[PDB]
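Chemist: Once you've had a glance at the structure underneath, I'll fire off some questions.
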Amino acid sequence: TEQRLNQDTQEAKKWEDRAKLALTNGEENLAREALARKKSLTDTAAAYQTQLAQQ
Amino acid sequence: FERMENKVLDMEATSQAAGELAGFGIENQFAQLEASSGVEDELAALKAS
């Protein structure tokens, strides 16, 4: 579960870089889409943090 | 000729089918922004050399 947490947290960093790239390219609609992927990864990472604390 | 023209529009319709496939390519397109800037960055270095 600690491996899944590190995978989804580095996937959130990847999407944050895609959001930065979209904003420099003026594609604000893709920046919002990337931020939505980032949010679902940080919210599932909090579920894995909870699972890991119990474990 | 008119019914054959209706048959010719089957090729035109097939062109839009490739356009819907290209729609998936538009979501993938951010990779082309990094690809295009990269080739100009090494080309600028090659021109400067």
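We label chains A, B, ... in the order they appear in the structure tokens, count residues from 1 in each chain, and number ligands from 1 in the order shown.
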Write out as CSV the residues of chain B that have any atom within 9 Å of an atom of chain A, one row each with the nearest atom pair and its distance in Å to one decimal, counting only C-alpha atoms, sorted by chain and then rising number.
Modeler:
residue,atom,partner,partner_atom,distance
B:27,CA,A:30,CA,8.7
B:30,CA,A:22,CA,7.6
B:33,CA,A:25,CA,8.1
B:34,CA,A:21,CA,8.7
Chemist: Keeping only N, CA and C atoms, write the selected residues as a PDB file, in the first residue's frame.
Modeler:
ATOM      1  N   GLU B  27      -6.435  14.943 -27.902  1.00  0.00           N
ATOM      2  CA  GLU B  27      -6.220  14.837 -26.445  1.00  0.00           C
ATOM      3  C   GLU B  27      -4.754  14.471 -26.135  1.00  0.00           C
ATOM      4  N   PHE B  30      -0.596  17.203 -26.556  1.00  0.00           N
ATOM      5  CA  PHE B  30       0.373  17.889 -25.680  1.00  0.00           C
ATOM      6  C   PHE B  30       1.807  17.337 -25.881  1.00  0.00           C
ATOM      7  N   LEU B  33       3.691  19.365 -28.469  1.00  0.00           N
ATOM      8  CA  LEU B  33       4.206  20.662 -28.022  1.00  0.00           C
ATOM      9  C   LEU B  33       5.648  20.482 -27.506  1.00  0.00           C
ATOM     10  N   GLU B  34       5.912  19.439 -26.713  1.00  0.00           N
ATOM     11  CA  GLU B  34       7.275  19.157 -26.220  1.00  0.00           C
ATOM     12  C   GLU B  34       8.214  18.677 -27.344  1.00  0.00           C
TER      13      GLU B  34
END
Chemist: Can you pull out the residues contacting region 5-14 of chain A? Cut-off 8 Å, using only C-alpha atoms, and skip same-chain residues under 3 positions away; I want them as a PyMOL selection string.
Modeler: chain A and resi 1-2+17-18+37-39+41-42+44-45+48-49
Chemist: Which distance in Å separates CA of residue 36 (chain B) and CA of residue 33 (chain A), to one decimal?
Modeler: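 Rounded to one decimal, the two atoms are 22.3 Å apart.
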Chemist: What is the distance between CA of residue 29 (chain B) and CA of residue 15 (chain B), in Å to one decimal?
Modeler: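 So the two atoms, CA of residue 29 (chain B) and CA of residue 15 (chain B), lie 20.0 Å apart.
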Chemist: For CA of residue 34 (chain A) and CA of residue 3 (chain A), quote the distance in Å rounded to one decimal.
Modeler: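 Spanning CA of residue 34 (chain A) to CA of residue 3 (chain A) is a straight-line distance of 22.5 Å.
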